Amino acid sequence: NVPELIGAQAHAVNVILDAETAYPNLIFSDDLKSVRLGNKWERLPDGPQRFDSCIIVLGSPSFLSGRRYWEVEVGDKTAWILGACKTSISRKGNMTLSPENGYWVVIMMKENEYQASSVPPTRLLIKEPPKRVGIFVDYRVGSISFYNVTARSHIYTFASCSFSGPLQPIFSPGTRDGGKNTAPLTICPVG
């Protein structure tokens, strides 16, 4: 059991990006709502807290209770990762992004190729490509659901997750893809 999109949206929260966690070639907007992959020479202030191999950034807040919803503009991008993860995930590593390893994510691999990161991954039958994706976590019930906000349709739910300890949002704007995937992911208010 999982809500329709309007029900999920009633639990909207205010997510921001944690620029300190970020893979060092990522570039962040001032409001910490957008992240994109810069060229190989643009680097953030190095640190032992950053992702070193996976082009990933974590969001805030971390939480350990209730129902939480957020939405992300993906636009015409050709690759990205969105979802949630345990706050204890390892950052120095490349993590198979799986529930057992503490990740619940959906991934766009390329045009018309989307998967939920179960193991093995589950290909998603998306008819109308999403321009905005909604993520709904019900902590108590142990479910995380993904919505195609453009179509107003449910994409995928990880159920029986049995969450313990804090979870946080996770993002990747994907590889630059020869110029086709340079746009940022942008966290956006419901509307």
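Throughout, we count residues from 1 along the sequence that is shown.
- Looking at 73 to 81 and 106 to 114 together, the entry lists the larger mean B-factor for 106 to 114, computed on C-alpha atoms.
- When the C-alpha B-factors of 182 to 190 and 2 to 10 are averaged, 2 to 10 comes out higher.
- Ranking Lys40, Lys33, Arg152, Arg36 by Cα temperature factor from the entry places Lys40 first.
- Ranked by C-alpha B-factor against the other modelled residues of its chain, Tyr156 falls in the middle third.
- In this PDB entry, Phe163 carries a Cα temperature factor that places it within the middle third of its chain's modelled residues.
- Among all modelled residues in its chain, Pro169 ranks in the lowest third by Cα B-factor.
- In the deposited entry, the Cα temperature factor of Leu64 sits in the middle third of values across the chain's modelled residues.
- In this PDB entry, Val15 carries a Cα temperature factor that places it within the lowest third of its chain's modelled residues.
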